[PDB]
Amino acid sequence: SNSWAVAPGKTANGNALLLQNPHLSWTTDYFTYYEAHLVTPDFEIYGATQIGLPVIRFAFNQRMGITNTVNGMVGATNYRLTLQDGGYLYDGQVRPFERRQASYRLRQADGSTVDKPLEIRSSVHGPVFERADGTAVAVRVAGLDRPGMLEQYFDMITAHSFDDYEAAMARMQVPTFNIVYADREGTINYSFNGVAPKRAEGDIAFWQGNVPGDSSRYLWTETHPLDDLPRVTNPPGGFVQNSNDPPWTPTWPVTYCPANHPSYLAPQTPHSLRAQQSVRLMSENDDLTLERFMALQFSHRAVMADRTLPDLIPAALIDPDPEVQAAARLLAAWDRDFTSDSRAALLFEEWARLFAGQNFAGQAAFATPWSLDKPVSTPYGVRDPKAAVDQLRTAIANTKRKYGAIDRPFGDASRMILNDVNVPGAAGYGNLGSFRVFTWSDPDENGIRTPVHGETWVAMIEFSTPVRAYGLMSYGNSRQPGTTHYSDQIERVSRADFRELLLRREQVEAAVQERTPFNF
């Protein structure tokens, strides 16, 4: 997911700008987003939220707006238990488990149900589970005593001022997510939100693994207040951003550093190329207009190519295999952008899968390692060009095997297909540097692939008076069998032809195609 909030001073018209851009599976039911607009005499809200949720998570109105990205807040701890004499060893003594005998029904093939016993065991840590390898794990989830998640989101999005907004957030009822905010008053904010356990030792890596469940030494009981978490408001840089990267470059120049917070709050790992693009696109541009803002969101640069081809090409050209040479020239003439007509893109991806792993996050192959001191220009170069060329050799075979040729047009293989709509794809993997994301699936027998995750709800809003906003939903606003609103937006997505979002009554009335009166 991506998120941008731009301050008035960094814009041409003097109004804040906001980008809602969450990335999630295109098929997972509980991850499906839904667009809606609610209006009462006291409040108005427009935006997307996951189906089944009564509150809009990605919302905005005439006053304010927010967006979310996953930050992976470590709100739970998995403890490894030391079983002994029917119980578990804790602080030098064998403790008995709390045991509750429950049951649930299991539907049978003939429609009937079978009553099935379920023993629920718990240690002081929390519920206990047994892994396939036989490891006994107790999961301790924080924030189980925070029933106001939904109401907090509601009060946040209907807030009349940033102060009221922060007061709502301070309730600490939303257990996770990075949240970005912007309003018509000109304030922008980035918050590394979530319910984080207070711990006296151990870095994030330690707490993400199996923590020793045999000592009260690791049994936390309190959580951090909103003031203890990384946050930024109206920074000198005039913007805030987050593309799932650790919260160490939320703006430029930064306003804090890793040493300013406990080391278990967030990783200090290399920022993805997509995140580096996010920072560059905002910091390098000034006097932004809503139009330019949108154009920037469409960025689909093969940043990985800029960091590797300078070293890879010359090495490949000296290889005896003429096919490797031809591949080197193909890659060399590429403008390094994931456009539909690119004949080198698919081949580059295949190479990168080997050079940087299947998720393209590998760091071992670069010559210059990532550095927070050069957060948007590292890692760089190819450490071992010889090996890299052997990797290209293998990539050449993989590309031909998957797509039928080493120079098949990107958009000919990459398609967005919903119902009977089949359009050419563009943009691509975020870890390769593409800001606009489409995580292409593996290709089928004919080399055709489609998005499995990526752009879903995308909206850019300018807080002028009245506000102006544009948006699109990749997979439509409905998935009910037979609906005409599942594949009716994908064609516009393929051309980045955004819909103006309608908040004003007059606009809605002019666009209405169906009226549903109702009574409660």
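In this text, residue numbers run from 1 along the sequence as written.
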Given 319-327 and 247-255, the range whose Cα B-factors average higher in the PDB entry = 319-327
Assert higher mean C-alpha B factor (503-511 or 17-25, deposited values) equals 503-511
Which has the highest CA B-factor per the PDB entry: 378, 297, 93, 178?
-> 93
Using the temperature factors in the entry, find which of 431, 135, 189, 152 has the highest value at its Cα atom.
-> 135
Residue 143 - Cα temperature factor, lowest/middle/highest third of chain = lowest
Rank-wise, by C-alpha B-factor, drop residue 408 into the lowest, middle or highest third of its chain.
-> middle
Residue 280: C-alpha B-factor third of its chain, per the entry, is the lowest
Sorting the chain's modelled residues by C-alpha B-factor and splitting them into thirds places residue 416 in the lowest
Considering only modelled residues of the same chain, in which third does the CA B-factor of residue 436 rank: lowest, middle or highest?
-> middle
